[PDB]
Structures are given as C-alpha cells and as structure tokens.
Amino acid sequence: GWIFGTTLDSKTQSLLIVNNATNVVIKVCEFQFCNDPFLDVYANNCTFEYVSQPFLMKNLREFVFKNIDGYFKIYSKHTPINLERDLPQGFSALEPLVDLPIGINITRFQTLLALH
Amino acid sequence: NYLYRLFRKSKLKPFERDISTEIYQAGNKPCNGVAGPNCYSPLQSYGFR
C-alpha cells in the first residue's frame, strides 16, 4: 500500500489506502502514527471511508495514479513478463479499477513493507 | 459561531479543504506561535446582527 499526504504532522490531510489479505482492506482516516512500519506476517476526524475488493490480486504489476480536480483515479494491469532483467518492451494498456471521490493536497507518498 | 479564512499563502485548488489553523506571517520576522507584530489570525468571525 501507499500513504498519501503532504506533511503528516497533524496539520494537513492525509490518505491511507492499505491492502491486506482480508476482505476489508481500505481504511482512510487522519492519522500521524504511521511513519515507517513493517508487517508482522506471524486523529481529528475521518473525512471519507471506503471498503471494497482487495486490489493486488513473472508477476509484473503496473499501476498509475491520478489526481484531477480532487478525484483519485487508479488504473492497473498485470503483465506476465518472461525475462526479468529490466523493463520489457512491447505494450500493455492499463485498465481502471477503483475511482475514489475525494483527495486533498497529495504531495508525498510512501510505500509499505512486510518482513518475516 | 461561523468562521472564514481571509489569509493564505497561495490560491486554493478546486474541491479542496483546509481546516488547519496557524498564525499567518507576512514578513521576515517569524511569528513563532505568537500573534504579535506582523502576525494575523486567518480565522475571523462573521458577526451576524
């Protein structure tokens, strides 16, 4: 998953799309506790909340993210690469899956980690 | 009971929200959380009568 925001110090707004193995994946609320976590594999107010299907169902995946007029458009595609050396040639068009209705001041984004 | 913002550094993008309250500074001298000289509160009341 990816943590979208501007400063994350309880002043600007932040977005908290996260993907897990359960059915309920997305939980978007204003928080500042999450700086750099890793998964154990064994504040203020919530402006908008949304729950849907998990998103990341030779396994090259490609995602592009857009921010047009406060709307968060997400496109995705799965590409079965054969030789894993660098970015392969050819074409593979990405497809829309989930369109969020709101997002304010997305400036910096993070990436999550999972360790054993 | 109603507040509006009249002080900001830049213009607002369409369909955006700004609920943060900080003391605005329009000069070289820093406010440092004190509403003294060259320090203005962006939240002002309507005052309906």
# chains A, B, ... in the order shown; residues from 1 in each chain; ligands from 1

$ residues_around --residues "residue 29 in chain A" --least-positions-apart "6" --cutoff "9 Å" --atoms "only C-alpha atoms" --output "list in words"
residues 14, 15, 16, 43, 44, 45, 46, 47, 48 and 49 of chain A

$ interface_residues --of "chain B" --to "chain A" --cutoff "6 Å" --atoms "only C-alpha atoms" --output "PDB file with C-alpha atoms, in the first residue's frame"
ATOM      1  CA  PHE B  15     -12.682  20.876  -4.482  1.00  0.00           C
ATOM      2  CA  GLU B  16     -10.160  21.176  -1.654  1.00  0.00           C
ATOM      3  CA  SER B  20      -5.769  23.870   9.680  1.00  0.00           C
TER       4      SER B  20
END

$ atom_distance --atom1 "CA of residue 22 in chain A" --atom2 "CA of residue 93 in chain A"
28.1 Å

$ select_by_dssp --residues "chain B" --states "strand (DSSP E)" --output "MDAnalysis selection string"
chainID B and resid 3:5 24:25 39:40 43:45

$ residues_around --residues "residue 28 in chain B" --least-positions-apart "6" --cutoff "12 Å" --atoms "only C-alpha atoms" --output "PyMOL selection string"
chain B and resi 37-39

$ write_last_selection --atoms "C-alpha atoms" --output "compact mmCIF listing (two decimals), in the first residue's frame"
# COMPACT_ATOMS: atom_id res chain seq x y z
CA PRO B 37 3.57 42.29 15.40
CA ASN B 38 3.06 41.29 11.73
CA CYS B 39 1.04 38.26 12.86

$ residues_around --residues "range 51-55 of chain A" --least-positions-apart "3" --cutoff "10 Å" --atoms "only C-alpha atoms" --output "VMD selection string"
chain A and resid 1 18 to 28 76 97 to 98

$ write_last_selection --atoms "N, CA, C and O atoms" --output "PDB file, in the first residue's frame"
ATOM      1  N   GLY A   1       0.812  -1.201   0.000  1.00  0.00           N
ATOM      2  CA  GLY A   1       0.000   0.000   0.000  1.00  0.00           C
ATOM      3  C   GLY A   1       0.847   1.253   0.000  1.00  0.00           C
ATOM      4  O   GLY A   1       2.074   1.206   0.072  1.00  0.00           O
ATOM      5  N   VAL A  18      -4.495   1.057   2.110  1.00  0.00           N
ATOM      6  CA  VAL A  18      -3.664  -0.072   2.512  1.00  0.00           C
ATOM      7  C   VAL A  18      -4.341  -1.350   2.023  1.00  0.00           C
ATOM      8  O   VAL A  18      -5.573  -1.434   1.982  1.00  0.00           O
ATOM      9  N   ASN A  19      -3.542  -2.317   1.579  1.00  0.00           N
ATOM     10  CA  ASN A  19      -4.048  -3.585   1.072  1.00  0.00           C
ATOM     11  C   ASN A  19      -3.545  -4.720   1.949  1.00  0.00           C
ATOM     12  O   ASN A  19      -2.349  -4.798   2.242  1.00  0.00           O
ATOM     13  N   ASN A  20      -4.458  -5.599   2.359  1.00  0.00           N
ATOM     14  CA  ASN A  20      -4.091  -6.765   3.154  1.00  0.00           C
ATOM     15  C   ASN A  20      -4.702  -8.032   2.568  1.00  0.00           C
ATOM     16  O   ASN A  20      -5.232  -8.015   1.453  1.00  0.00           O
ATOM     17  N   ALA A  21      -4.625  -9.137   3.309  1.00  0.00           N
ATOM     18  CA  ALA A  21      -5.120 -10.421   2.833  1.00  0.00           C
ATOM     19  C   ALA A  21      -6.597 -10.651   3.131  1.00  0.00           C
ATOM     20  O   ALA A  21      -7.166 -11.625   2.625  1.00  0.00           O
ATOM     21  N   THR A  22      -7.229  -9.792   3.928  1.00  0.00           N
ATOM     22  CA  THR A  22      -8.632  -9.953   4.268  1.00  0.00           C
ATOM     23  C   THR A  22      -9.509  -9.224   3.251  1.00  0.00           C
ATOM     24  O   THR A  22      -9.022  -8.597   2.309  1.00  0.00           O
ATOM     25  N   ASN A  23     -10.829  -9.317   3.438  1.00  0.00           N
ATOM     26  CA  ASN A  23     -11.761  -8.665   2.524  1.00  0.00           C
ATOM     27  C   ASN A  23     -11.801  -7.155   2.734  1.00  0.00           C
ATOM     28  O   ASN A  23     -11.828  -6.391   1.762  1.00  0.00           O
ATOM     29  N   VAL A  24     -11.808  -6.710   3.988  1.00  0.00           N
ATOM     30  CA  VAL A  24     -11.785  -5.286   4.309  1.00  0.00           C
ATOM     31  C   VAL A  24     -10.332  -4.827   4.273  1.00  0.00           C
ATOM     32  O   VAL A  24      -9.529  -5.213   5.127  1.00  0.00           O
ATOM     33  N   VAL A  25      -9.984  -4.003   3.282  1.00  0.00           N
ATOM     34  CA  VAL A  25      -8.607  -3.582   3.059  1.00  0.00           C
ATOM     35  C   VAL A  25      -8.410  -2.083   3.294  1.00  0.00           C
ATOM     36  O   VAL A  25      -7.525  -1.682   4.052  1.00  0.00           O
ATOM     37  N   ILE A  26      -9.259  -1.245   2.705  1.00  0.00           N
ATOM     38  CA  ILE A  26      -9.019   0.195   2.680  1.00  0.00           C
ATOM     39  C   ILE A  26      -9.598   0.831   3.936  1.00  0.00           C
ATOM     40  O   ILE A  26     -10.766   0.609   4.276  1.00  0.00           O
ATOM     41  N   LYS A  27      -8.778   1.624   4.627  1.00  0.00           N
ATOM     42  CA  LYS A  27      -9.204   2.360   5.818  1.00  0.00           C
ATOM     43  C   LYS A  27      -8.541   3.735   5.770  1.00  0.00           C
ATOM     44  O   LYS A  27      -7.355   3.867   6.080  1.00  0.00           O
ATOM     45  N   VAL A  28      -9.309   4.750   5.389  1.00  0.00           N
ATOM     46  CA  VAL A  28      -8.786   6.095   5.173  1.00  0.00           C
ATOM     47  C   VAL A  28      -9.251   6.982   6.321  1.00  0.00           C
ATOM     48  O   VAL A  28     -10.427   7.355   6.393  1.00  0.00           O
ATOM     49  N   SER A  76      -4.787  -0.053 -13.464  1.00  0.00           N
ATOM     50  CA  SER A  76      -3.968  -1.207 -13.119  1.00  0.00           C
ATOM     51  C   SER A  76      -3.918  -2.188 -14.278  1.00  0.00           C
ATOM     52  O   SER A  76      -4.811  -2.223 -15.126  1.00  0.00           O
ATOM     53  N   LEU A  97      -9.837   0.394 -12.288  1.00  0.00           N
ATOM     54  CA  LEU A  97     -10.496  -0.484 -11.329  1.00  0.00           C
ATOM     55  C   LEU A  97     -11.297   0.267 -10.277  1.00  0.00           C
ATOM     56  O   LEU A  97     -12.477  -0.041 -10.071  1.00  0.00           O
ATOM     57  N   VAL A  98     -10.694   1.236  -9.587  1.00  0.00           N
ATOM     58  CA  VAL A  98     -11.334   1.936  -8.477  1.00  0.00           C
ATOM     59  C   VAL A  98     -11.143   3.435  -8.670  1.00  0.00           C
ATOM     60  O   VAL A  98     -10.020   3.895  -8.900  1.00  0.00           O
TER      61      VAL A  98
END

$ residues_around --residues "residue 2 in chain B" --least-positions-apart "3" --cutoff "10 Å" --atoms "only C-alpha atoms" --output "list in words"
residues 43, 44, 45, 46, 47 and 48 of chain B

$ write_last_selection --atoms "N, CA and C atoms" --output "compact mmCIF listing (two decimals), in the first residue's frame"
# COMPACT_ATOMS: atom_id res chain seq x y z
N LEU B 43 -8.59 33.11 10.89
CA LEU B 43 -9.97 32.78 11.22
C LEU B 43 -10.64 34.01 11.81
N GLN B 44 -11.67 34.52 11.13
CA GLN B 44 -12.39 35.70 11.55
C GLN B 44 -13.88 35.39 11.62
N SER B 45 -14.57 36.01 12.56
CA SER B 45 -16.00 35.77 12.75
C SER B 45 -16.83 36.62 11.81
N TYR B 46 -18.02 36.10 11.48
CA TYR B 46 -18.97 36.86 10.67
C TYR B 46 -19.60 37.99 11.47
N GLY B 47 -20.20 37.66 12.61
CA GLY B 47 -20.87 38.65 13.43
C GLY B 47 -22.21 39.09 12.86
N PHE B 48 -23.18 38.18 12.84
CA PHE B 48 -24.48 38.47 12.26
C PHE B 48 -25.38 39.18 13.27
